[PDB]
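Below is one structure, written out as structure tokens, with a few remarks after it.
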Amino acid sequence: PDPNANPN
Amino acid sequence: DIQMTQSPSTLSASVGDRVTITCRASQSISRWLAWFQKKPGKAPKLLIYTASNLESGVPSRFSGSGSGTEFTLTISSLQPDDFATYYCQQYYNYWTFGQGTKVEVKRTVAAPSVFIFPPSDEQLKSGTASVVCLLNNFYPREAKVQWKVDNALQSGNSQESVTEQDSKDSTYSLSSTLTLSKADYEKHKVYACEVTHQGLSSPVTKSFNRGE
Amino acid sequence: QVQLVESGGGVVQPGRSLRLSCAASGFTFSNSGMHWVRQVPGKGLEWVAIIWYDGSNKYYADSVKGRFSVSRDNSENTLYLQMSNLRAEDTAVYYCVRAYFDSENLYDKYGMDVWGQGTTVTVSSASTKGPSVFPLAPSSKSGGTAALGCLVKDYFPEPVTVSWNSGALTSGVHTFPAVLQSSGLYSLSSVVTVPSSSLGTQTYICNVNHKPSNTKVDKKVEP
């Protein structure tokens, strides 16, 4: 659950 | 929560100067650090990403360095477009910003011209008295304004605001308003604003006597 | 150009709700994660929320968790922020911000690239009110230069505009940022420095416009 992972 | 701390908070420089701004993270963020430029009334613009990679529109006089907790933004030769506030941002764990470093235009010391304005008769009819003190066209920004009513130092009943640095002469101006009830205003005689500043050899007091 | 245009800002009473939107153009909106970021007057920049490109994952700042919800309509290139139980501390400029777009997927962590210009939300119980305009009258209280102005007091909401002599006087004018008084109303001053020899003969009028109350005031300022 990484909010800074690739969101695109 | 990662705290980002920038230094200095304000930097004065001239066109052509080499400028360095630092940013410190409260714990390691590897290279996940970005730098943004922000001008008054305008949205931030991304300058550097992944700590040291310039975005393609950014002129190469900008550079960034660092990894872990200590980062720097350098401008090798400052240009007029570069006067702005610069923010760092970590994006390792959520997103948090430094408090900003303002890069302002350096100029010679200019003492403020100081003016005091008594409350208008129109306002006194409404039951309130605003007394205004103007510090006009001064540099540097650091100035101290103290309100004194029959020599009694005032606290808690004044508010201040300051202009952005003037695009033409690089000075600041400041307005302070003392607000009293009409009843309190009529209990005292001498209303004074006392100003201290690097351009003033001694504090300047502008005053009036109520009813004169 | 990558463009983000926020809308929906305005005055909201404490405890009530407000929805902001952001219209995107110049890029494939459905392929980008998106953020909201705000700046409260007197505070620094503060991240608010992120939403994945497809609307699956959503994360929020602790300060808005349980009160704000982010969503998007990719078919209309629009990002939303639903705010509820609003409080004075939520007064801020709200920015729509695109997550960093990397078509090569090079890096392990993601920040932000392009920001919109923002929309302003004011959380307040105050009612729309036009300003009173009082003279800051020139007197002996700087050699060849005198200062005069107008005090624009007790209005809501922002902004007001001030001009001098219907735009004929611009040199030497300083119009100050407004301050928020403890009453919930705003106050600002506009001043101008002029030749002191002109005080007897040249008319100086400040023109105050407060669009939310349909107020226009012209005040002649005399010594």
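Ordering of the structure tokens sets the chain letters (A, B, ...); residue numbers start at 1 within each chain; ligands are numbered from 1 in the order shown.
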
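Proximity to chain C at a cut-off of 6 Å picks out residues 4, 5, 7 and 8 of chain A on chain A, counting only C-alpha atoms.
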
Please identify every residue of chain B that has at least one atom no farther than 8 Å from an atom of chain C, counting only C-alpha atoms, and for each give the shortest atom pair and the distance in Å to one decimal, arranged by chain then increasing number, as a Markdown table.
| residue | atom | partner | partner_atom | distance |
| --- | --- | --- | --- | --- |
| B:32 | CA | C:109 | CA | 6.9 |
| B:34 | CA | C:111 | CA | 7.7 |
| B:42 | CA | C:117 | CA | 6.3 |
| B:43 | CA | C:117 | CA | 4.9 |
| B:44 | CA | C:115 | CA | 6.4 |
| B:45 | CA | C:114 | CA | 6.9 |
| B:46 | CA | C:113 | CA | 5.8 |
| B:90 | CA | C:111 | CA | 7.8 |
| B:91 | CA | C:111 | CA | 5.2 |
| B:92 | CA | C:109 | CA | 6.2 |
| B:95 | CA | C:47 | CA | 6.2 |
| B:96 | CA | C:47 | CA | 6.8 |
| B:97 | CA | C:45 | CA | 6.3 |
| B:98 | CA | C:44 | CA | 7.9 |
| B:99 | CA | C:44 | CA | 5.9 |
| B:113 | CA | C:142 | CA | 7.2 |
| B:115 | CA | C:141 | CA | 6.0 |
| B:116 | CA | C:141 | CA | 6.0 |
| B:117 | CA | C:136 | CA | 5.7 |
| B:118 | CA | C:136 | CA | 7.5 |
| B:119 | CA | C:136 | CA | 7.7 |
| B:120 | CA | C:135 | CA | 6.4 |
| B:122 | CA | C:134 | CA | 7.0 |
| B:123 | CA | C:134 | CA | 6.8 |
| B:132 | CA | C:136 | CA | 7.8 |
| B:159 | CA | C:179 | CA | 7.3 |
| B:160 | CA | C:179 | CA | 7.7 |
| B:161 | CA | C:177 | CA | 6.1 |
| B:162 | CA | C:176 | CA | 6.5 |
| B:163 | CA | C:176 | CA | 5.9 |
| B:173 | CA | C:174 | CA | 7.5 |
| B:174 | CA | C:176 | CA | 7.8 |
| B:175 | CA | C:176 | CA | 7.3 |
| B:206 | CA | C:141 | CA | 6.6 |
| B:207 | CA | C:141 | CA | 7.2 |
| B:208 | CA | C:141 | CA | 7.5 |

Point to revise | Secondary structure check, helix (DSSP H, G or I) residues of range 19-160 of chain B, as a list in words | key: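 Matching residues for helix (DSSP H, G or I) in range 19-160 of chain B are residues 80, 81, 82, 121, 122, 123 and 124 of chain B.
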
Could you write those residues out with C-alpha atoms, as an mmCIF file, in the first residue's frame?
data_model
loop_
_atom_site.group_PDB
_atom_site.id
_atom_site.type_symbol
_atom_site.label_atom_id
_atom_site.label_comp_id
_atom_site.auth_asym_id
_atom_site.auth_seq_id
_atom_site.Cartn_x
_atom_site.Cartn_y
_atom_site.Cartn_z
ATOM 1 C CA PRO B 80 15.966 38.582 -13.374
ATOM 2 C CA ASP B 81 13.511 35.730 -14.084
ATOM 3 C CA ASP B 82 14.996 33.861 -11.107
ATOM 4 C CA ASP B 121 -14.344 62.171 11.718
ATOM 5 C CA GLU B 122 -16.559 59.930 9.574
ATOM 6 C CA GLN B 123 -15.248 56.770 11.259
ATOM 7 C CA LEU B 124 -15.439 58.265 14.756
#

Exercise for review: Check the smallest atom-to-atom distance from each of B:112, B:93, B:59, B:50 to residue 3 in chain A using only C-alpha atoms, then report the winner.
Suggested key: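 Between B:112, B:93, B:59, B:50, the residue approaching residue 3 in chain A most closely is B:93.
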
**Study point:** Spatial neighbours of range 6-15 of chain B, max dist 7 Å, only C-alpha atoms, sep filter under 4 positions, as a PyMOL selection string
**Key:** chain B and resi 21-24+78-80+98-106
